[PDB]
Amino acid sequence: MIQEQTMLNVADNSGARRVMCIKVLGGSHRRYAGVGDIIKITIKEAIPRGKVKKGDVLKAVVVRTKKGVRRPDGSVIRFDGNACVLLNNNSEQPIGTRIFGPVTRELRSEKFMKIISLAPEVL
Amino acid sequence: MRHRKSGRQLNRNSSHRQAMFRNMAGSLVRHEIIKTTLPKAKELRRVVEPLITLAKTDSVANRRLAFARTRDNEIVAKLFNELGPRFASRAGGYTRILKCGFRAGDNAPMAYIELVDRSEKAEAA
Amino acid sequence: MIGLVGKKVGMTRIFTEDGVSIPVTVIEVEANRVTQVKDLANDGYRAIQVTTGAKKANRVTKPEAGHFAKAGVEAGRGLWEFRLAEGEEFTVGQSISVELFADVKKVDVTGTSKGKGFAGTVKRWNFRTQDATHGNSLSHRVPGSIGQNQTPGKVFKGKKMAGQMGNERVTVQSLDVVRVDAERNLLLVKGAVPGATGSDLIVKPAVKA
Amino acid sequence: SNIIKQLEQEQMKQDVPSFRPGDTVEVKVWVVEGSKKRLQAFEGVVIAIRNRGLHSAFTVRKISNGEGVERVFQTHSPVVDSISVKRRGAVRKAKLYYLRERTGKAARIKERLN
Amino acid sequence: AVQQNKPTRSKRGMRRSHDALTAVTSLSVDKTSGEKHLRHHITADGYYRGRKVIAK
RNA sequence: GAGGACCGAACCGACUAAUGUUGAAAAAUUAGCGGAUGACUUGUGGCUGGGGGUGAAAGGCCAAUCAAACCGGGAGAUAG
RNA sequence: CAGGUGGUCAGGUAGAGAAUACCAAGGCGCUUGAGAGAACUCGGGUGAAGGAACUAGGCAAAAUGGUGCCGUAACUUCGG
RNA sequence: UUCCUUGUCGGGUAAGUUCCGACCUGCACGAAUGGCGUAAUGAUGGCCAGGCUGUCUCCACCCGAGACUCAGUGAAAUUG
RNA sequence: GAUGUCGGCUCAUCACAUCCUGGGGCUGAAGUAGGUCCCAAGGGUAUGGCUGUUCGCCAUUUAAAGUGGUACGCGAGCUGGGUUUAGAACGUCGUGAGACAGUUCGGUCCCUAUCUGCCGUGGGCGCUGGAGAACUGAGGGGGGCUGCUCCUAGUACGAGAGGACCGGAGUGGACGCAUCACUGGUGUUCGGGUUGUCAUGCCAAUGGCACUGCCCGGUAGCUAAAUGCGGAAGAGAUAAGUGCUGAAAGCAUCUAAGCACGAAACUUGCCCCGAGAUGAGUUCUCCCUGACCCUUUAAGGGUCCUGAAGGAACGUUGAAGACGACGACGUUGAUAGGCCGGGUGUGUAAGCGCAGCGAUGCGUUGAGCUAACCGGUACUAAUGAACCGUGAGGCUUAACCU
Ligand SMILES: [Mg+2]
Ligand SMILES: [Mg+2]
Ligand SMILES: [Mg+2]
Ligand SMILES: [Mg+2]
Ligand SMILES: [Mg+2]
Ligand SMILES: [Mg+2]
Ligand SMILES: [Mg+2]
Ligand SMILES: [Mg+2]
Ligand SMILES: [Mg+2]
Ligand SMILES: [Mg+2]
Ligand SMILES: [Mg+2]
Ligand SMILES: [Mg+2]
Ligand SMILES: [Mg+2]
Ligand SMILES: [Mg+2]
Ligand SMILES: [Mg+2]
Ligand SMILES: [Mg+2]
Ligand SMILES: [Mg+2]
Ligand SMILES: [Mg+2]
Ligand SMILES: [Mg+2]
Ligand SMILES: [Mg+2]
Ligand SMILES: [Mg+2]
Ligand SMILES: [Mg+2]
Ligand SMILES: [Mg+2]
Ligand SMILES: [Mg+2]
Ligand SMILES: [Mg+2]
Ligand SMILES: [Mg+2]
Ligand SMILES: [Mg+2]
Ligand SMILES: [Mg+2]
Ligand SMILES: [Mg+2]
Ligand SMILES: [Mg+2]
Ligand SMILES: [Mg+2]
Ligand SMILES: [Mg+2]
Ligand SMILES: [Mg+2]
Ligand SMILES: [Mg+2]
Ligand SMILES: [Mg+2]
Ligand SMILES: [Mg+2]
Ligand SMILES: [Mg+2]
Ligand SMILES: [Mg+2]
Ligand SMILES: [Mg+2]
Ligand SMILES: [Mg+2]
Ligand SMILES: [Mg+2]
Ligand SMILES: [Mg+2]
Ligand SMILES: [Mg+2]
Ligand SMILES: [Mg+2]
Ligand SMILES: [Mg+2]
């Protein structure tokens with residue numbers, strides 16, 4: 001349940017540490033973005049020598065939320081923080097090469113198979 | 001909305017309601033019949049009758065628990081020594097609400113509420 | 001096709017063996033007994049009138065009792081009509097069971113929604129609340145403007161205002177039939193249906209696809 | 001009512017083990033990835049239990065790869081294959097929600113030692 | 001907000017057409033004392049359904 | 001043990017908001033706010049009088065009254 | 001008539017305290033009540049995820065809050 | 001204090017008619033109707049950040065006082 | 001002898017000179033994508049940064065971010081930033097008092113709704129004997145949005161790059177309705193922890209007050225962020241448009257006679273209201289089958305007898321509700337309370353024993369308590385009555401029976 005102005009942690013090694021969602025993509029008046037949704041972000045804090053720098057405007061896919069995901073049997077999977085993975089602004093491919101922390105199977109799609117294959121744990 | 005909710009507010013806050021019904025329950029078991037408004041009388045049933053059910057099993061735990069609900073040892077004594085044995089065989093319904101006229105000062109619907117076994121032999125004590 | 005009159009028992013869930021929880025509404029559908037058949041000749045339209053449930057003989061009036069005695073059925077808790085489609089034939093006194101929905105896939109459930117009483121415009125029409133602070137004076141949940149200046153000089157009919165909400169007839173369409181339990185007079189539909197627990201429901205096959 | 005409880009008791013599992021809040025359990029769930037279906041384990045602390053018959057549930061919390069994860073299971077769902085208690089904890093409360101604010105040595109739970 | 005014209009005595013009487021009181025339909029008669037009383041209420045002397053329930 | 005020193009009650013004040021606006025009140029209440037040993041505050045009594053007083057100065061205040069108080073008189077001013 | 005009105009008296013427990021909380025001595029329940037438990041208004045409590053995106057403006061609210069010890073920058077009129 | 005004007009450049013922001021730094025083209029700064037600096041101070045003006053939050057996305061529930069019903073009393077502005 | 005004046009907020013409504021979606025003609029239209037014009041108003045039609053701003057610029061979206069009217073819609077609905085009093089200052093003008101759509105800081109937004117209107121909800125009477133139900137549907141309202149992916153097909157088209165129509169499937173956004181099984185929120189009526197203090201003689205145990213004292217959990221109910229469903233298909237008549245046959249006019253010609261297509265618009269189809277539809281409809285069932293007098297002799301008045309069906313009232317009440325209303329029930333009774341059992345929540349009561357110098361710990365013990373929940377149970381309260389409502393229901397004509 002991510003909206004604009006929401007700060008997210010970064011679950012990859014692209015160099016960013018804190019990003020802020022500036023737009024929930026995919027529909028007019030769209031309010032929230034859950035796990036698996038693409039968002040437009042700006043980088044609020046980065047490491048000194050990463051692949052990205054503070055101020056860039058990219059896209060990201062949400063991989064962990066405190067609100068959590070709902071499974072078809074009614075189960076919930078909540079996380080302690082919101083996290084995303086930075087994507088190329090036009091190619092929608094992950095920028096980093098590693099993934100930290102677990103992800104969910106909502107990402108199990110040919111578009112994010114690169115993320116599923118790199119994740120340390122899929123829930 | 002009020003769906004399935006129980007308990008009347010009686011235009012009081014929670015602490016006032018609790019104190020009032022505590023006093024009114026003590027007065028009921030002391031005199032075995034009192035006169036009050038019909039709404040107050042109907043809510044008093046859900047307070048005093050659980051005390052009588054509690055008083056059927058004499059024990060220091062029940063006595064203390066009854067004391068916590070009434071805060072009057074004279075009331076607790078009568079509950080466990082008189083009203084307990086008197087209702088040992090009755091399964092609930094220890095009170096009786098008899099509607100009467102309207103209060104002169106504010107036209108409030110009044111009602112008597114009494115213990116059911118307040119017979120002609122109650123004059124002994 | 002005709003429908004049936006049941007009672008909302010409540011909501012539960014059905015676990016599918018492949019690990020899916022289906023929220024279902026349990027509808028008790030006892031035998032619906034046909035009490036009157038209307039035809040084009042005598043009434044100008046084809047329909048059946050059914051009753052269901054039971055009723056204490058001391059609560060039925062002589063006009064109602066004579067209506068049930070005319071049909072030869074026991075008095076139920078009410079009467080409902082169903083327009084007959086071309087080809088459906090029913091006789092008075094005939095009983096209709098829940099197994100009529102054996103092959104029906106989707107149904108429309110009609111009931112009386114729960115009553116909210118007098119509801120404000122925020123609850124009834126999803127109006128936006130005005131500012132809670134920033135100087136707002138006694139105007140937090142009020143509807144705001146209700147018209148234009150002198151040119152119309154009136155409030156248009158159908159304006160959304162506060163008033164009675166709920167406690168009205170509501171139909172939910174195209175609900176999947178999860179299970180038809182004939183021997184227990186049960187009908188499990190996926191989803192939620194209008195009304196409180198114990199209210200009467202009218203279940204008809206889906207008029208749409 | 002008698003009707004609904006009759007429909008629910010015929011779906012409930014009959015061998016769900018007894019566990020309390022504070023015990024560490026290992027839940028094995030069914031993960032379907034197409035034509036396969038394997039068992040994925042999920043071990044952690046039971047921080048809440050909802051007793052509602054068929055609608056009963058319990059939420060397990062674990063620290064996975066530095067990230068805290070809570071998962072609410074529907075105990076009578078066929079997705080949950082089995083439940084095994086690893087160690088029994090000794091807590092005073094029924095809902096261990098305060099464990100969300102603690103970590104490392106602060107999130108330790110005494111063993112019940114029964 | 002206030003009236004722009006004085007309402008008439010006719011309009012005033014129409015509004016009060018619903019203000020009429022409803023007298024009690026009929027009083028019950030006690031089986032023992034034969035007194036009249038409001039139904040489901042005790043009598044003036046403390047009788048109800050043929051029983052002296054209060055001795056006052 | 002100095003201070004137009006600091007924090008903060010009484011006390012004096014009146015910065016913000018809400019309420020109230022045919023008010024509980026012709027200026028308040030509630031929650032916060034400033035000063036709080038001083039150019040402080042307060043009681044009692046006194047003095048300054050209307051083109052006059054007084055004013056750390058706002059044309060402020062001078063009995064709910066002020067770019068000239070109130071009361072009586074000129075006076076039935078005058079009113080294209 | 002929720003305003004204003006100088007001085008004197010100053011118990012207990014906790015507390016730095018005449019703050020504050022609960023009590024003593026003592027005095028009161030504020031001169032309409034009774035029900036109900038809609039919208040809406042007022043005064044409050046709590047709130048998933050987000051956290052100023054509100055708005056003229058963080059208005060309001062939330063938050064901070066004590067004692068001891070450690071530690072404390074630019075700048076400085078050497079006191080801060 | 002600058003009309004043209006949201007001047008231009010730089011900083012801050014994903015985006016800054018405000019803010020900070022500079023430029024000088026000062027419509028119409030300027031030296032006791034003082035010029036330029038200035039630590040401390042401010043219920044002073046502008047701007048930023050952390051924290052914090054029902055300010056908001058988007059409202060939900062709850063506790064009280066009214067509103068509503070019954071009994072008693074009983075106004076007001078306004079009105080061809 | 002006052003029509004409150006910008007912008008914002010809330011809430012709108014209409015126009016079409018259409019921003020998107022729909023239908024077309026032409027193209028300097030290969031395809032994709034456009035350009036332009038015609039038809040079309042059903043629905044839809046951003047969030048932010050800056051500024052009082054409308055606007056605009058910018059950032060990032062979207063199928064699209066339409067243009068206008070409505071006292072530049074909307075202050076007896078909100079706001080008060082701007083403008084637009086009194087204070088003060090700058091620049092400027094003036095000898096000066098002062099002045100400046102120049103600038104700057106500060107600066108009281110009242111009204112209990114009579115009428116119309118509107119949203120709800122009742123009372124009366126009517127509908128021609130009365131009553132209880134079930135309907136018909138004249139008419140009215142609601143609803144009508146759209147993305148992306150996949151298949152068709154890397155096909156048609158194209159040098160290549162690229163890349164379809166038509167048709168089908170899935171899955172979203174926004175919006176609406178319903179619901180509470182799930183996930184949660186709330187839960188001052190449930191349980192527990194704890195600070196200060198006062199009290200119950202004291203210990204122990206409890207209670208009061210301190211915002212519910214502060215907190216931690218939490219039942220029912222309500223509820224969204226939760227999860228179900230919805231927008232259609234089809235039909236009729238058409239718009240622009242495309243035609244067939246075909247003369248006037250030996251040809252030609254979509255038109256004059258005739259015939260066929262043709263869109264989210266129209267009329268239906270879907271949902272809701274609906275016989276005060278006074279044009280007051282239909283169907284089924286139920287109830288009433290006494291006398292007598294007067295008079296101006298009639299749709300007359302009166303007395304006695306009679307009081308039905310049913311209704312209302314009263315009571316117990318409800319997931320119904322401001323009040324009315326509506327629903328259930330009233331001993332031939334589960335309507336409410338209580339009670340019994342269960343469930344749920346809280347988390348191992350009190351007392352006692354043991355260990356310890358003690359705080360405390362352990363055992364009895366998943367104990368005790370447990371609201372609104374579930375299943376039972378006449379223990380209490382829903383009374384015999386009384387009340388209202390009558391006694392076969394006008395005239396004319398027609399078809400039928402006598
Ligand atoms: Mg009251
Ligand atoms: Mg209701
Ligand atoms: Mg809003
Ligand atoms: Mg005001
Ligand atoms: Mg007109
Ligand atoms: Mg000082
Ligand atoms: Mg001070
Ligand atoms: Mg104050
Ligand atoms: Mg000071
Ligand atoms: Mg002046
Ligand atoms: Mg004065
Ligand atoms: Mg003269
Ligand atoms: Mg004169
Ligand atoms: Mg004083
Ligand atoms: Mg004090
Ligand atoms: Mg209330
Ligand atoms: Mg929150
Ligand atoms: Mg939170
Ligand atoms: Mg934050
Ligand atoms: Mg902003
Ligand atoms: Mg804004
Ligand atoms: Mg503030
Ligand atoms: Mg505060
Ligand atoms: Mg900002
Ligand atoms: Mg700003
Ligand atoms: Mg500058
Ligand atoms: Mg100067
Ligand atoms: Mg100077
Ligand atoms: Mg400053
Ligand atoms: Mg009155
Ligand atoms: Mg006038
Ligand atoms: Mg408009
Ligand atoms: Mg047009
Ligand atoms: Mg249409
Ligand atoms: Mg206007
Ligand atoms: Mg107006
Ligand atoms: Mg202003
Ligand atoms: Mg001035
Ligand atoms: Mg106003
Ligand atoms: Mg009028
Ligand atoms: Mg709940
Ligand atoms: Mg003690
Ligand atoms: Mg006390
Ligand atoms: Mg209290
Ligand atoms: Mg129990």
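Throughout, protein chains are lettered first and strands after them, A, B, ... in sequence-line order, and every chain is numbered starting at 1.
- The residue D/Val72 sits close only to the backbone: its heavy atoms come under 4.0 Å of sugar-phosphate atoms, none of a base.
- With hydrogens and angles ignored, a donor-acceptor pair under 3.5 angstrom links the side chain of B/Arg2 to the base of I/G321.
- Nucleotides I/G123 and I/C135 fail the base-pair criterion, which asks for a Watson-Crick or G-U wobble arrangement whose two donor-acceptor distances both fall under 3.5 Å.
- G/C59 has C/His134 stacked on its base ring, the centres lying under 5.5 angstrom apart and the planes within 30 degrees of parallel.
- Looking at C/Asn58, its side chain has no donor and acceptor atom pair within 3.5 Å of the base of I/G333.
- Using a 4.0 Å heavy-atom distance criterion, C/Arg141 is classed as a sugar-phosphate-only contact.
- Residue-level contact check: C/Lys8 touches the backbone only, with heavy atoms under 4.0 Å from sugar-phosphate atoms and none from bases.
- If you check every strand for non-hydrogen atoms under 4.0 Å, A/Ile22 touches a base.
- Among the atoms of the strands shown, base atoms are found under 4.0 Å from some heavy atom of E/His18.
- C/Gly144 comes within contact range of at least one nucleobase, with a heavy-atom separation under 4.0 Å.
- Using a 4.0 Å heavy-atom criterion, one finds that C/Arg128 contacts the sugar-phosphate atoms exclusively.
- Using a 4.0 Å heavy-atom distance criterion, B/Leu10 is classed as a base contact.
- Residue A/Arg31 places none of its side-chain N or O atoms closer than 4.0 Å to OP1 or OP2 of I/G173.
- E/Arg12 comes within 4.0 angstrom of nothing in the nucleic acid, heavy atoms only.
- A stacking criterion of 5.5 Å and 30° is met by the six-membered base rings of adjacent nucleotides I/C90 and I/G91.
- Across all strands, C/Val193 comes closer than 4.0 Å only to sugar-phosphate atoms, never to a base (heavy-atom distances).
- By the Watson-Crick or G-U wobble test, with both distances required under 3.5 Å, I/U136 and I/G126 do not count as a base pair.
- Residue-level contact check: A/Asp73 touches neither bases nor backbone, having no heavy atom under 4.0 Å from any strand.
- Residue C/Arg124 places at least one side-chain N or O closer than 4.0 Å to OP1 or OP2 of I/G120.
- For the neighbouring bases I/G324 and I/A325, a stacking contact is recorded, both ring-centre distance under 5.5 Å and ring-plane angle under 30° holding.
- Of the listed nucleotides (I/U344, I/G351, I/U383), I/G351 has the atom at the smallest distance from the side chain of B/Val60.
- Within 4.0 Å (heavy atoms only), A/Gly27 reaches sugar-phosphate atoms of the nucleic acid but no base atom.
- Judged by ring centres under 5.5 angstrom apart and ring planes under 30 degrees, I/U60 stacks on its strand neighbour I/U61.
- At least one side-chain nitrogen or oxygen of D/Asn51 sits closer than 4.0 Å to the OP1 or OP2 atom of I/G345.
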